[PDB]
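**Student:** Attaching a single structure in structure tokens format; questions to follow.
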Amino acid sequence: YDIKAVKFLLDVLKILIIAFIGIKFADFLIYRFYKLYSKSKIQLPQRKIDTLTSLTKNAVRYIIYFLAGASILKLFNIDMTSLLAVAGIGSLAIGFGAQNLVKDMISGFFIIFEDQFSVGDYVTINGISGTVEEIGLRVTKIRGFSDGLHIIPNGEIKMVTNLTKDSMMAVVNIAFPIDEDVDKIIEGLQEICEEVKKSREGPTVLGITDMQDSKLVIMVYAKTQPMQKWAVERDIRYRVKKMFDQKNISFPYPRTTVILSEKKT
Amino acid sequence: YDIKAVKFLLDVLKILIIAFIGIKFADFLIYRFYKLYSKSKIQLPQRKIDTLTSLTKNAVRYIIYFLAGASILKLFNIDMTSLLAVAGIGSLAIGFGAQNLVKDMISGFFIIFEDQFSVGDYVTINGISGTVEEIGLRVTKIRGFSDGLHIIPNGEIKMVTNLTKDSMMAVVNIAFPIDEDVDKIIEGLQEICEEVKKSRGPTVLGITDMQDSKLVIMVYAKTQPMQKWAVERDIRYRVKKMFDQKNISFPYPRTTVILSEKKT
Amino acid sequence: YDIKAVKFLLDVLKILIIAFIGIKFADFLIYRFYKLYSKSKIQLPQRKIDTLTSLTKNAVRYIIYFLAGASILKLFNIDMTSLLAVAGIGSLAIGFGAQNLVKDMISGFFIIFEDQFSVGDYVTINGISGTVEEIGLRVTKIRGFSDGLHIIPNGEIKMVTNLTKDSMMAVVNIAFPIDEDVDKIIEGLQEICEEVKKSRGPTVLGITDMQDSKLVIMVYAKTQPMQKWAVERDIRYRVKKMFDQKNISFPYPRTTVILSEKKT
Amino acid sequence: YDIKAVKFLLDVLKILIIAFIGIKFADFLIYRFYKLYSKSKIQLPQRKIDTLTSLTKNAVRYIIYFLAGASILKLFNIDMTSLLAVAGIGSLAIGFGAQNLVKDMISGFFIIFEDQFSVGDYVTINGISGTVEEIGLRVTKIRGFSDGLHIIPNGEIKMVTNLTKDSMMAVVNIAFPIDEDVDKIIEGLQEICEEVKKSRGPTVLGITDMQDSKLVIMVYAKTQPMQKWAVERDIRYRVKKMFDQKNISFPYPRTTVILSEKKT
Amino acid sequence: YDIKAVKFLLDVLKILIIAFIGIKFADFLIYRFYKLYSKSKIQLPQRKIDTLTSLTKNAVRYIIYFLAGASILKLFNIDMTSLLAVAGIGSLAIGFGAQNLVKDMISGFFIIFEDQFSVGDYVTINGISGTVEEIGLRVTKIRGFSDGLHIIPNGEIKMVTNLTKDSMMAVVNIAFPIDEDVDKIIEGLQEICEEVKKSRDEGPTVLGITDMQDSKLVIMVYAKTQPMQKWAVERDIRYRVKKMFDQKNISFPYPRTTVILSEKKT
Amino acid sequence: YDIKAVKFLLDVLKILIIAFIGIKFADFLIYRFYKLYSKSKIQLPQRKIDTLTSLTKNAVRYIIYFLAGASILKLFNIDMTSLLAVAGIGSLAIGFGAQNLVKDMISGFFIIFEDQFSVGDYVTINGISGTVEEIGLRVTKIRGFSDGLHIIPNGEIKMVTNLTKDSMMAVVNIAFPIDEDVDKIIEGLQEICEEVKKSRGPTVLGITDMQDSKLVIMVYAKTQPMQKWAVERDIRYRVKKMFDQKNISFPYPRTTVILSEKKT
Amino acid sequence: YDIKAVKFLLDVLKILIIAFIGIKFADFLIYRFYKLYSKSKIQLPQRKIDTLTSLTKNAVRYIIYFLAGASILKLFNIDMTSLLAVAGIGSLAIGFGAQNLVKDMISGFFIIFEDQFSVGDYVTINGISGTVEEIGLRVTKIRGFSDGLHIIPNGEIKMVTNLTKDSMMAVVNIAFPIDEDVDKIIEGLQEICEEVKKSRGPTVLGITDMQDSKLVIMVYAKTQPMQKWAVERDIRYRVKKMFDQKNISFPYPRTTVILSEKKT
Ligand SMILES: CCCCCCCCCCCCO[C@@H]1O[C@H](CO)[C@@H](O[C@H]2O[C@H](CO)[C@@H](O)[C@H](O)[C@H]2O)[C@H](O)[C@H]1O
Ligand SMILES: CCCCCCCCCCCCO[C@@H]1O[C@H](CO)[C@@H](O[C@H]2O[C@H](CO)[C@@H](O)[C@H](O)[C@H]2O)[C@H](O)[C@H]1O
């Protein structure tokens, strides 16, 4: 009948009493981390935080059941490495699945901690531009106009270009025919920058920026206060159109030279 | 004949009795997690949940068989690290295979918990736009019109743009010839915004783009959720008729050509 | 000469007898999992299931040989962590190789368990559309017409759009010249929807797009599963004939040219 | 001088004798797995299988040397976890490198075991089409005509579309001007299907697409494996001649131009 | 009643006292790594470094609670490998999540340590060009003109091309009609290089006809220019080429199409 | 003062003497693996193999220093798992870094062992075509003409299409106007195949494609390895001259225009 | 009060003294690996190597602090596997972060050791072409003309094509109208190769492509390293002048139009 059979009992006992203490203690701490976020009603409708509370309860129960079971099993001569080879299917699947969640959060943490963009400026993130409306630490929300509300997981942000930082820059690339008088148009554009400066950096006439088949491209650019940009550009375009009509300068219509051939069928 | 030969027996015994208790206990808990989801008939046809029940039964049997066998093997001087190097081929294959499933679920969990889109709005998810019909936590189902029902694993969602949140925005980019009177057309579009406001933006933002023979002015209006593409169509019809009445010429591509005196 | 030299023998002995029992037991269980799937001839030609039986036999032999060998090696003072560092080259290679297989299967499991598509509807899976012919749990087979039979491993399915669920939707985007009378054509299309309704939507949604010399009005109709592309063709024929009777001019591109006085 | 110094010797001894037994035994088994595949000359030129034999020899030598050395080191108080941290650089590098090889093989195993394609049909695998010439379990070889012999590692196969299964399908999309009589052409194509049926589908499916100046009607026919592109060519020749006899005008783009009075 | 029951107590005791010493010691070191970066006010508004301080506090509390708890559990016969199979879900999730952060940092470390680009030159990084404004070790900030301020995590930099190193190079590809006199234009461009050399900033030179197309012919002029002098030189050269085209009366590279006329109807 | 203090010394001693033996033995084996590859001067300039020799020396030194230090540390009550958590940063970094090297090598091993391409044929590997000049087992070198010498790591090879195996195939797709006599041209091409056969396929496969104003007939011929592009050029010249003699009109795009009476 | 309380002290003592010896010894070795690279001033400004020295100091301090702390913790009954689950968050993050660095270096090591390109030739690496200026083992620096200095981490090199190895190859694809005399132009190009050979290939390979209104003959020549793009320009100038003298008409697109009698 041996002498250990009592010690053994002390062992399965130790596991049971520790697991019990554990459950009750967890239920306590959870009911407290509950008490707080619940009684103040700072954020989060109840319907959700209840689902989240039972989420945590369930998680901790399953963990405790698993540890106590595994331990008792050890007590009956079951090999824990083999058990590891089973349980680790889930260590691996959950661990690697959750990695992305951790990524999003670290990402968000920096976005915020480094004030990459404040809860209101107009940015472009991953070829998607819009005005930032919300900045959680798992997701940034950005609504472009005409485009919808984009919800973007912070981890996916590979680069965030901010459009409205230390100001903004407006550009217009005007196109003329090379079959055209350069100095007259550069003069006209000069006069347009002149006039625009008069209604509240630039705007200036940078040289002929590109030379093409039948066209010739001169850009005007101006440094503008945050957001006044696309507006400035539209002002400038209207100005260029009217200037084209008054100075009677011919338009950049593509043109062909054609050679005729004497044949039939 | 030694003294351990009885202890040894106690050990292979301990494994067998614990694995037996284990099986019966699992059969019990499974027949209970069965009893519940089965007797209430809340969801899921039986034909399926039966397949799923035998799934869990089989899984638990294989796990138990493996643990008990491995343990007995240990009892006969078989090295458990080597065993691990065998069994882990499966730990790794299953573990990393299942990772994606875990991903889908965490994904869905947030989509729901963060009300990213309600079981009814019109969204666009990975270059695919449609009306959300179902939101499980493993899959979102979205049917675009003319396009079919799309079933998208929640994990694949890299971004979800919602089109019908705090409202919507309608745009029309009208194109004219530069060989054209700007103020007359901008005046006409002004009159069209005027008129459209009258039936329950819309505004004329400047010339937004300047091209070879064209010139492009956009009108835009903030619209209640979904009235959007509709507003746009209203505005288009209006612009067509306005073009006919004001007799403004159309944005046909215009080429200017030069003739050459040759032969062959 | 010591005292253990007998115990040692008991240990190498324990390994050998357990490995022997193991082999014979495995051969048994395999000859049984054989007996079943073999004597009923439910599926799978013999030539294959024989190759698959010897596959399982060989695997189990190699695993047993490896575990027994590794254990005996342990008995001669060979370090099992170093052995692990060797054997795990294969644990890793096989484990990560097989992960994909496990992926395909979980994937298939859901496709079926969730009736994503039945053994007969017309779906599109990864930019490839066709009629589903077979649905295993490792591979879906889909044959498009004119396109061949596609065998797609279930894991590769990133999204599966079903075209024939709660019905279908037919669209036709009719193109006119903007140099054209809108209301006459919209009237004609109205008459065509009218007439098509009469043979067992279809409706005129506004001008959906406005281009350089064109203008685009869509007609759309909700159709029973598969009657779709058919409806569309009916509607096209109708629109062509309507264009001929109403004598409406065709959406030919149009260019206005300006002539220039030069030479060479 | 102690009492263990003899036991220690028994231990370094045990390792040496086991490693020696191991080497000799491996050299034996290798010379046997050699004897077989060598004396029958079933496949593989000698020059190669020699290189492969010394490959196995060397592999086994290095593994044995490493295990014996590591074990002796353990005997001199060298920590085996630290050793693992060294040796695992190679465990990881080899393990993960070889993963792809394991992938190719599992992949090939299924391609074969599931008769996805027989050693002779015309398939398309990863946007590359051709006739399968060889099917190993690590590589499929496919030669398109005019295109060269493609050797594709089985693992890279993400999808395999078979073109010559339960038959084949031939299509021809005929293009007409919309400025054209529909029923005359549809009648002519009817007559062409009629005539083609007579030489050992083919049917006129409606107007499948409507474009700027064109209109597209497709004819299609179910054909025996490979007779396909051939049927299509027959049908094309027929359609050309039919165009010449029925004198129907060709689908040349057409543009309408407007002339403008200007200068420079 | 046994004899160990006192030793056991010594063990749970040992854990508790070590964990307590640990907490207090960490609070100390944290309050010191605090004292420094805080009292000098070298960088970082307080509002942030407070959030960061409580971050480190909380981290270390959770780690200590977990270690002590796990160790007591071990004391009550709880298997630590099974525990590992639970806790490693987090080992793996955090570890692999944080990998990217470590990447960014090693990346930045080299960018800086190798002076790949100084806090002022004009670079192009991942198809995105601009002037570098800030170089942290986690992020490079680059503002293109007309383009906005780009904040790029250092890890994402797969290649960094610098445009303003040992100088710069200006190019202009001039296009003519093949229906044209080559030597007259090559002569004119020669005269333009000549004249541009005369206004201050290697080149500019007339490299041969670099490309031949349907109705066009393309001759490039190029010049080595001091850092940033570049796009400017190019614009000078373009203006010069336009005016040269007007004076030398050379005809423009308009696309040209020969047409053949056909006698038909409908 | 205790009794172990001498045993302890025996332990740090055992580590030091084993590590010393280790170093000297490694220096030996390295100076031998040196002696061989060095005195025969089979390949590799000295300047390199010297750098490689000191590489191996240094590696082995660092490994030995680390093992012995780690072991002594263990002797002073330092925990080896925590050590592992440090040292494994490097285990992981080096192990996963080197994985690609192992990949390249296994890859090259098969390329060679399977004679996928001999040190001289013209292949295309990853959208890059050229003549193979060198085949190492870590890198294949291929020089296309006009294109430069490409050095490609063997691991990056996802597919290798060989162009010059069991021969080659030459294709020419001749384009005519549909506004054209089919049989006259097919006749002419017949005569060209006839004539080309006469100088040491080629055949007229039907009209392989039908387009807006064009019609495309292909001729194809099976040619000895490399004579291919050459054959094609022969055939093209032939087709041009045949076009000139048979006076057949060229496949110029043709557009029918409609004229409109307007202004501005 | 027990008997161990002194041994325990010996243990925490052992850790402290070994850690102290450890620190001092590391400070020494670091101050030596400092002494060398510092007093010779071979490379690296001081400002940097100082930052790098304190880097190594700090690294070693943190590792030592962590090992000693972990070990004392172990002494107070703290479980080391739990500790590992904590500390390995960093093992994994650092280990996998640094993997890329290890990759770059192995990569560079081969680039150099295999003289893939010398500190001076013109190469193209990942669709980016330029002259190599520097070759470190972590980064290759290449400056294209007009393009800037590219700094490329060696690990990112997937393929390196060298343009200036065993020489170079120059190509010019001349385009003519098919409406043209082939033999006259092929004759002229022959004369141009003739003349170019005269100033220190070049050959007329057949008509390499046949298009709608064009026809393309390539001339090619094998040229000394770098003389290539230059040769090509010579050849182009020659072809233009040859076109002017032989009066051959230019490859202008040509379109045949058909006129239609309509209105609006
Ligand atoms: C969760 C705790 C935090 C992570 C701690 C990581 C510290 C860094 C340690 C790197 C040591 C690498 O050393 C490596 O160990 C692993 C153990 O998984 C062994 O891996 C071996 O056994 C496993 C068992 O599951 C097999 O599935 C695997 O295929 C096989 O290679 C390698 O053969 C060995 O080379
Ligand atoms: C093969 C294994 C590969 C392992 C790779 C090793 C990873 C480390 C890569 C470089 C990390 C960045 O290097 C970073 O430099 C700064 C100095 O600018 C260090 O900063 C250091 O000096 C500063 C003074 O300003 C102190 O505040 C700090 O206590 C100290 O650590 C950072 O602590 C270090 O993180």
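Labels for the structure tokens follow display order: chains A, B, ..., residues from 1 in each chain, ligands from 1.
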Using only C-alpha atoms and all ligand atoms, which residues have at least one atom no more than 8 Å from ligand 1? Output them as a PyMOL selection string.
**Tutor:** (chain A and resi 85) or (chain B and resi 81+84-89+91-92) or (chain C and resi 84-95) or (chain D and resi 84-92+95) or (chain E and resi 84-85+87-89+91-92+95) or (chain F and resi 84-92) or (chain G and resi 81+84-89+91-92+95)
**Student:** When the cut-off is 6 Å and you count only C-alpha atoms and all ligand atoms, which residues lie near ligand 2, shown as a list in words?
**Tutor:**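 Final answer, ordered by chain and number: residues 105, 106 and 109 of chain E; 90 and 93 of chain F; 58 and 98 of chain G.
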**Student:** Those residues you just picked out, can you put them in a file as a PDB file, in the first residue's frame with N, CA, C and O atoms?
**Tutor:**
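Final output, saved to again-v8.pdb:
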```pdb
ATOM      1  N   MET E 105      14.779  50.511 -36.391  1.00  0.00           N
ATOM      2  CA  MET E 105      15.925  51.046 -35.667  1.00  0.00           C
ATOM      3  C   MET E 105      17.305  50.657 -36.212  1.00  0.00           C
ATOM      4  O   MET E 105      18.155  51.524 -36.364  1.00  0.00           O
ATOM      5  N   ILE E 106      17.540  49.377 -36.504  1.00  0.00           N
ATOM      6  CA  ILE E 106      18.836  49.006 -37.081  1.00  0.00           C
ATOM      7  C   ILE E 106      19.035  49.763 -38.413  1.00  0.00           C
ATOM      8  O   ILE E 106      20.092  50.332 -38.682  1.00  0.00           O
ATOM      9  N   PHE E 109      19.903  53.371 -37.641  1.00  0.00           N
ATOM     10  CA  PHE E 109      21.276  53.305 -37.192  1.00  0.00           C
ATOM     11  C   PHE E 109      22.283  53.307 -38.331  1.00  0.00           C
ATOM     12  O   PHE E 109      23.277  54.023 -38.274  1.00  0.00           O
TER      13      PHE E 109
ATOM     14  N   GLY F  90      21.280  35.686 -31.841  1.00  0.00           N
ATOM     15  CA  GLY F  90      22.179  35.377 -32.920  1.00  0.00           C
ATOM     16  C   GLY F  90      21.861  34.068 -33.595  1.00  0.00           C
ATOM     17  O   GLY F  90      22.018  33.941 -34.792  1.00  0.00           O
ATOM     18  N   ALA F  93      19.070  35.184 -35.949  1.00  0.00           N
ATOM     19  CA  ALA F  93      19.525  36.106 -36.983  1.00  0.00           C
ATOM     20  C   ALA F  93      20.400  35.422 -38.026  1.00  0.00           C
ATOM     21  O   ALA F  93      20.090  35.465 -39.209  1.00  0.00           O
TER      22      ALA F  93
ATOM     23  N   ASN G  58      27.580  49.392 -23.750  1.00  0.00           N
ATOM     24  CA  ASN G  58      26.202  49.261 -23.307  1.00  0.00           C
ATOM     25  C   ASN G  58      25.567  47.879 -23.578  1.00  0.00           C
ATOM     26  O   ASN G  58      24.880  47.325 -22.724  1.00  0.00           O
ATOM     27  N   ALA G  98      17.243  41.561 -36.767  1.00  0.00           N
ATOM     28  CA  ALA G  98      18.624  41.508 -37.206  1.00  0.00           C
ATOM     29  C   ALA G  98      18.843  40.521 -38.358  1.00  0.00           C
ATOM     30  O   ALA G  98      19.864  40.585 -39.087  1.00  0.00           O
TER      31      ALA G  98
END
```
**Student:** DSSP on the backbone: which residues in stretch 20-261 of chain B end up as strand (DSSP E or B)? Give the answer as JSON, numbers by chain.
**Tutor:** {"B": [122, 123, 124, 125, 128, 129, 130, 131, 132, 133, 134, 135, 139, 140, 141, 142, 143, 144, 148, 149, 150, 151, 152, 153, 160, 161, 162, 168, 169, 170, 171, 172, 173, 174, 175, 176, 177, 203, 204, 205, 206, 207, 208, 209, 210, 214, 215, 216, 217, 218, 219, 220, 221, 222, 223, 254, 255, 256, 257, 258, 259, 260]}
**Student:** Write out as an MDAnalysis selection string which residues come within 10 Å of residue A:14 when counting only C-alpha atoms, dropping same-chain ones fewer than 6 positions away.
**Tutor:** (chainID A and resid 8 20) or (chainID E and resid 73 75:78)
**Student:** Keeping only C-alpha atoms, write the selected residues to a file as a tab-separated table (two decimals), in the first residue's frame.
**Tutor:**
```tsv
chain	number	residue	atom	x	y	z
A	8	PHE	CA	0.29	12.01	-4.11
A	20	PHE	CA	-9.56	27.24	-7.16
E	73	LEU	CA	2.18	28.22	-9.32
E	75	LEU	CA	5.38	25.68	-6.17
E	76	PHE	CA	1.85	24.21	-6.20
E	77	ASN	CA	2.76	21.51	-8.71
E	78	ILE	CA	1.71	23.45	-11.83
```
**Student:** Could you pull the residues within 8 Å of stretch 115-124 of chain F, counting only C-alpha atoms, minus those fewer than 6 positions along the same chain, as a PyMOL selection string?
**Tutor:** (chain D and resi 151) or (chain F and resi 130-135+160-164)
**Student:** Tell me, as a list in words, which residues lie within 7 Å of stretch 257-261 of chain E, counting only C-alpha atoms; anything in the same chain fewer than 3 positions away does not count.
**Tutor:**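 Here the qualifying residues turn out to be residues 257, 258, 259, 260, 261, 262, 263 and 264 of chain A; 252, 253, 254, 255, 256, 257 and 258 of chain G.
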**Student:** Can those selected residues be exported to a file as a compact mmCIF listing (two decimals), in the first residue's frame so that it contains N, CA and C atoms?
**Tutor:**
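Result file is selection33.txt:
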```
# COMPACT_ATOMS: atom_id res chain seq x y z
N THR A 257 1.17 66.87 -88.69
CA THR A 257 1.47 67.16 -90.06
C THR A 257 1.20 65.89 -90.82
N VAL A 258 0.60 65.99 -92.00
CA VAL A 258 0.15 64.83 -92.74
C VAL A 258 0.65 64.80 -94.16
N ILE A 259 1.04 63.64 -94.65
CA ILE A 259 1.50 63.60 -96.03
C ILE A 259 0.53 62.74 -96.83
N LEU A 260 0.13 63.21 -98.00
CA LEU A 260 -0.86 62.49 -98.79
C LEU A 260 -0.25 61.60 -99.88
N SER A 261 -0.89 60.46 -100.11
CA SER A 261 -0.36 59.43 -101.00
C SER A 261 -1.35 59.06 -102.10
N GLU A 262 -0.84 58.93 -103.32
CA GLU A 262 -1.67 58.63 -104.48
C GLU A 262 -1.83 57.12 -104.73
N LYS A 263 -2.91 56.55 -104.21
CA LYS A 263 -3.19 55.12 -104.41
C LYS A 263 -4.69 54.85 -104.61
N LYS A 264 -5.12 53.62 -104.31
CA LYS A 264 -6.47 53.16 -104.66
C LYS A 264 -6.80 51.88 -103.88
N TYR G 252 6.85 56.81 -91.21
CA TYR G 252 5.63 57.45 -90.69
C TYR G 252 4.50 56.43 -90.63
N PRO G 253 3.69 56.48 -89.56
CA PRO G 253 2.52 55.61 -89.54
C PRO G 253 1.82 55.95 -90.83
N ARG G 254 1.15 54.99 -91.45
CA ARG G 254 0.15 55.30 -92.46
C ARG G 254 -1.16 54.51 -92.47
N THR G 255 -2.25 55.22 -92.71
CA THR G 255 -3.60 54.91 -92.31
C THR G 255 -4.08 55.12 -93.73
N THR G 256 -4.91 54.21 -94.22
CA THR G 256 -5.87 54.41 -95.30
C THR G 256 -7.33 54.63 -94.87
N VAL G 257 -7.91 55.75 -95.29
CA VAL G 257 -9.23 56.13 -94.82
C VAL G 257 -10.25 55.94 -95.93
N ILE G 258 -11.47 55.65 -95.52
CA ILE G 258 -12.57 55.54 -96.44
C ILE G 258 -13.59 56.61 -96.07
```
**Student:** Restricting the calculation to only C-alpha atoms: of C:186, C:3, C:15, C:64, which residue gets closest to chain B?
**Tutor:**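 Residue with the minimum atom-to-atom distance to chain B: C:15.
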**Student:** Quick one: which residues from chain A are at most 10 Å off chain D, using only C-alpha atoms, as an NGL selection string?
**Tutor:** :A and (179-180 or 250)
**Student:** Those same residues, written as a tab-separated table (two decimals), in the first residue's frame with N, CA, C and O atoms?
**Tutor:**
```tsv
chain	number	residue	atom	x	y	z
A	179	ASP	N	4.66	75.51	-81.37
A	179	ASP	CA	4.28	76.47	-82.37
A	179	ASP	C	3.67	77.64	-81.62
A	179	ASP	O	2.46	77.85	-81.69
A	180	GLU	N	4.49	78.38	-80.88
A	180	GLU	CA	3.99	79.52	-80.10
A	180	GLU	C	5.07	80.47	-79.56
A	180	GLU	O	6.23	80.08	-79.37
A	250	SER	N	-2.97	80.74	-78.86
A	250	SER	CA	-3.62	79.54	-79.38
A	250	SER	C	-3.44	78.37	-78.42
A	250	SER	O	-2.44	78.29	-77.72
```
**Student:** Determine, counting only C-alpha atoms, which protein, DNA and RNA residues have an atom within 9 Å of an atom of residue E:150; residues of the same chain fewer than 3 positions away are not included. Present the result as a ChimeraX atom specification.
**Tutor:** /A:159-163 /E:128,130,140-144,147
**Student:** Kindly assemble as a Markdown table a list of the chain D residues that lie within 10 Å of chain E, each paired with its nearest atom pair and their distance in Å to one decimal, using only C-alpha atoms, sorted first by chain and then by ascending residue number.
**Tutor:**
```
| residue | atom | partner | partner_atom | distance |
| --- | --- | --- | --- | --- |
| D:179 | CA | E:266 | CA | 9.0 |
| D:180 | CA | E:266 | CA | 9.7 |
| D:249 | CA | E:266 | CA | 8.6 |
```
**Student:** For the residues selected in the previous step, produce a file with N, CA and C atoms as a short mmCIF file (atom, residue, chain, number, x, y, z; two decimals), in the first residue's frame.
**Tutor:**
```
data_model
loop_
_atom_site.label_atom_id
_atom_site.label_comp_id
_atom_site.auth_asym_id
_atom_site.auth_seq_id
_atom_site.Cartn_x
_atom_site.Cartn_y
_atom_site.Cartn_z
N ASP D 179 -23.25 50.06 -87.74
CA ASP D 179 -23.74 50.50 -89.04
C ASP D 179 -23.82 49.26 -89.91
N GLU D 180 -24.77 48.36 -89.61
CA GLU D 180 -24.93 47.11 -90.36
C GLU D 180 -26.22 46.35 -90.07
N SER D 249 -20.07 44.70 -95.04
CA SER D 249 -18.94 45.61 -94.83
C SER D 249 -18.17 45.31 -93.54
#
```
**Student:** Using only C-alpha atoms, pick whichever of C:41, C:103, C:24, C:238 has the shortest atom-to-atom distance to residue C:158.
**Tutor:** C:103
**Student:** If we count only C-alpha atoms and set the cut-off at 12 Å, which residues sit around residue A:240, ignoring sequence neighbours fewer than 3 positions away in its own chain? Please answer as number ranges by chain.
**Tutor:** A: 172-176, 185-193, 195-196, 218-220, 233-237, 243-249, 251; B: 178, 182, 207, 209-210, 215
**Student:** Find the distance between atom CA of residue E:2 and atom CA of residue G:2 and write it in Å to one decimal.
**Tutor:**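 Distance reported for this atom pair: 16.4 Å.
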**Student:** Among the residues of stretch 3-227 of chain B, find those DSSP assigns to alpha helix (DSSP H) from the backbone and print them as JSON, numbers by chain.
**Tutor:** {"B": [5, 6, 7, 8, 9, 10, 11, 12, 13, 14, 15, 16, 17, 18, 19, 20, 21, 22, 23, 24, 25, 26, 27, 28, 29, 30, 31, 32, 33, 34, 35, 36, 37, 38, 39, 46, 47, 48, 49, 50, 51, 52, 53, 54, 55, 56, 57, 58, 59, 60, 61, 62, 63, 64, 65, 66, 67, 68, 69, 70, 71, 72, 73, 74, 75, 80, 81, 82, 83, 84, 85, 86, 87, 88, 89, 90, 91, 92, 93, 94, 95, 96, 97, 98, 99, 100, 101, 102, 103, 104, 105, 106, 107, 108, 109, 110, 111, 112, 113, 182, 183, 184, 185, 186, 187, 188, 189, 190, 191, 192, 193, 194, 195, 196, 197, 227]}
**Student:** Have a look at atom CA of residue A:222 and atom CA of residue A:123 and let me know their distance in Å, one decimal.
**Tutor:**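 Separation between atom CA of residue A:222 and atom CA of residue A:123: 19.6 Å.
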**Student:** Report, in Å to a single decimal, how far apart atom CA of residue B:148 and atom CA of residue C:200 are.
**Tutor:**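 The value is 21.7 Å.
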**Student:** Given only C-alpha atoms as the basis, pick out the residue of G:138, G:262, G:48, G:197 nearest to chain F.
**Tutor:**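 The answer is G:262, which sits nearest to chain F.
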